[PDB]
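Enquirer: Would you mind keeping the following structure in view while I ask a few things?
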Amino acid sequence: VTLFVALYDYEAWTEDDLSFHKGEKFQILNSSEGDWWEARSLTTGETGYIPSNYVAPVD
């Protein structure tokens, strides 16, 4: 924790971004770039950039 949940599906298109689906949860490893955050998915066990407007905090 702190854990975020994916609100929508996202398909990667660059080299550092991560593909994910509605409902995957993430550990945010690095959140200092406003729009793009470094995450690890607790579902697929994978690491890469995700867009921040595509996740919400878990609660």
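By order of appearance in the structure tokens: chains A, B, ..., then residues from 1 within every chain, and ligands from 1 in the order shown.
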Determine, counting only C-alpha atoms, which protein, DNA and RNA residues have an atom within 8 Å of an atom of residue 49 of chain A; residues of the same chain fewer than 6 positions away are not included. Present the result as a VMD selection string.

Expert: chain A and resid 16 to 18 36 to 39

Enquirer: Let me see the file: selected residues, N, CA, C and O atoms, as a PDB file, in the first residue's frame.

Expert:
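Output file result39.pdb follows:
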```
ATOM      1  N   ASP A  16       7.930   1.895 -22.416  1.00  0.00           N
ATOM      2  CA  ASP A  16       8.004   1.841 -20.986  1.00  0.00           C
ATOM      3  C   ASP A  16       6.632   1.725 -20.345  1.00  0.00           C
ATOM      4  O   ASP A  16       6.542   1.586 -19.117  1.00  0.00           O
ATOM      5  N   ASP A  17       5.569   1.786 -21.157  1.00  0.00           N
ATOM      6  CA  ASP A  17       4.248   1.721 -20.586  1.00  0.00           C
ATOM      7  C   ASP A  17       3.783   0.287 -20.365  1.00  0.00           C
ATOM      8  O   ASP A  17       4.303  -0.655 -20.983  1.00  0.00           O
ATOM      9  N   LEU A  18       2.834   0.142 -19.448  1.00  0.00           N
ATOM     10  CA  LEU A  18       2.249  -1.141 -19.108  1.00  0.00           C
ATOM     11  C   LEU A  18       0.762  -1.249 -19.554  1.00  0.00           C
ATOM     12  O   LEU A  18      -0.016  -0.313 -19.366  1.00  0.00           O
ATOM     13  N   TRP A  36       2.151  10.437 -15.971  1.00  0.00           N
ATOM     14  CA  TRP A  36       2.658   9.087 -16.067  1.00  0.00           C
ATOM     15  C   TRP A  36       3.289   8.669 -14.755  1.00  0.00           C
ATOM     16  O   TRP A  36       4.189   9.331 -14.279  1.00  0.00           O
ATOM     17  N   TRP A  37       2.795   7.586 -14.159  1.00  0.00           N
ATOM     18  CA  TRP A  37       3.383   7.012 -12.947  1.00  0.00           C
ATOM     19  C   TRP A  37       3.959   5.628 -13.148  1.00  0.00           C
ATOM     20  O   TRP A  37       3.377   4.802 -13.861  1.00  0.00           O
ATOM     21  N   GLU A  38       5.063   5.351 -12.463  1.00  0.00           N
ATOM     22  CA  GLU A  38       5.608   3.992 -12.422  1.00  0.00           C
ATOM     23  C   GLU A  38       4.884   3.103 -11.421  1.00  0.00           C
ATOM     24  O   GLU A  38       4.779   3.429 -10.257  1.00  0.00           O
ATOM     25  N   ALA A  39       4.390   1.977 -11.907  1.00  0.00           N
ATOM     26  CA  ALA A  39       3.541   1.061 -11.146  1.00  0.00           C
ATOM     27  C   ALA A  39       4.022  -0.357 -11.349  1.00  0.00           C
ATOM     28  O   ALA A  39       4.728  -0.660 -12.317  1.00  0.00           O
TER      29      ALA A  39
END
```

Enquirer: Near residue 31 of chain A, within 12 Å and counting only C-alpha atoms, which residues show up once chain neighbours fewer than 3 positions away are dropped, as a PyMOL selection string?

Expert: chain A and resi 2+4+26-28+34-40+48-52

Enquirer: Identify, on the basis of only C-alpha atoms, every residue whose closest approach to residue 56 of chain A does not exceed 10 Å; exclude the query and any residue fewer than 6 positions from it along the same chain; express the result as JSON, numbers by chain.

Expert: {"A": [3, 4, 5, 6, 7, 25]}

Enquirer: Per DSSP on the backbone, what are the strand (DSSP E) residues of chain A, as JSON, numbers by chain?

Expert: {"A": [3, 4, 5, 6, 25, 26, 27, 28, 29, 30, 31, 32, 33, 36, 37, 38, 39, 40, 41, 47, 48, 49, 50, 51, 55, 56, 57]}

Enquirer: Between A:1, A:33, A:57, A:43, which is the closest to residue 21 of chain A once you count only C-alpha atoms?

Expert: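 Ranking A:1, A:33, A:57, A:43 by distance to residue 21 of chain A, first place goes to A:43.
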
Enquirer: Report the distance between atom CA of residue 19 of chain A and atom CA of residue 59 of chain A in Å, rounded to one decimal place.

Expert: 22.9 Å

Enquirer: Work out how far atom CA of residue 20 of chain A is from atom CA of residue 58 of chain A, in Å to one decimal.

Expert: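 Distance reported for this atom pair: 16.0 Å.
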